[PDB]
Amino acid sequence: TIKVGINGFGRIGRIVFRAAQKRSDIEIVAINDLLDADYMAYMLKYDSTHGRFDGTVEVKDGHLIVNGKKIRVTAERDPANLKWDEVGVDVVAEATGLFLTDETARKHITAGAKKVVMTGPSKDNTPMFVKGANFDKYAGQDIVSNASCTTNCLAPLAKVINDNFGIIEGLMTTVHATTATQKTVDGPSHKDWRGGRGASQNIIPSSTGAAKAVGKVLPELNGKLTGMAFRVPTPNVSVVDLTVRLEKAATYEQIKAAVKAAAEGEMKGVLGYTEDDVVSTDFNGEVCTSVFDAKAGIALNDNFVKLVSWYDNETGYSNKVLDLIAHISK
């Protein structure tokens, strides 16, 4: 098993922790955050979106005991002091949002970890990987990024469509759940003014991490795709609305068949496929990072189509963080 330390116990850190409980290949052995262990235990035990933790959580001597296993709890501000080697950590899930460059994330390796996976898009040239788009390009790097949830939805779908029909150009929108960066009522957000406005009251235009990341994980599409977001008052699950022009003419049935074939074969567990009358809550807990909604999309003609794909922006991305941890450990 791969021993993992989580740095940062926010939404991603906690859902990564829960996802790792259900996997035999990865074992969380340590968590670092500026939260007391008893408060960590509370945040783990109770979740408004995903329900009660499936297992036992004890606090003993400042550490967590989860399903009888001891999890080392620390509260280090400087990752260089984390002594990851003292708990045999192989890979660090870097989930604070604060260490998205090589120089900052490398402190985990100085502290004894072997590799680091950033749970967000890198801010320098640290390479990004998206399962179903470019895991096979990984080349042994000791620090990597799993991109972002929206990129994990867009890229697998864009790859199937491009590989089969040729994307000339495309624009996308994600209609995106409210997240922790937003405000409950109009409040200060000096670097993103719209993003300070009351989240439960508003449709809020925003920028998406996918516009900059998708051409990095699929270089053949660089400069051919961009987009934006609308944040809306739901607590989880988002949807990509991808408008593409195709080089090869394809009927909507042919598009469905290509997506379905990828979902049942090469991209199984990454790309999903449904023909049901689904809505966003039907993907709360979804592990696939891109679930194609066949009935929701619409074609104007054989070369211009709007495609719809769902993603649980918490669960899918967290599971693929673990997939990236496993992949770089092979």
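One rule holds for the numbers: they count along the sequence shown, beginning at 1.
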Legend entry - Residue range whose averaged C-alpha B-factor is higher in the record, 134 to 142 or 172 to 180: 134 to 142
Inset, instruction - Would you determine, from the values in the PDB entry, which of 294 to 302 and 63 to 71 has the greater average C-alpha temperature factor? - result: 63 to 71
Inset, instruction - Quick one: which of 94, 163, 186, 241 shows the highest Cα temperature factor in the PDB entry? - result: 163
Inset, instruction - Please pick out which of 255, 210, 237, 167 has the largest Cα B-factor as recorded in the entry. - result: 255
Legend entry - Assigned third (lowest, middle, highest) for the C-alpha B factor of residue 56: highest
Inset, instruction - Sort the modelled residues of this chain by their C-alpha B factor and say whether residue 191 lands in the lowest, middle or highest third. - result: highest
Inset, instruction - Determine, from the deposited record, the chain-internal third of the Cα B-factor for residue 115: lowest, middle or highest. - result: middle
Legend entry - Record-listed C-alpha B factor of residue 47: chain third: lowest
Inset, instruction - Could you say whether, by C-alpha temperature factor, residue 206 belongs to the lowest, middle or highest third of its chain? - result: middle
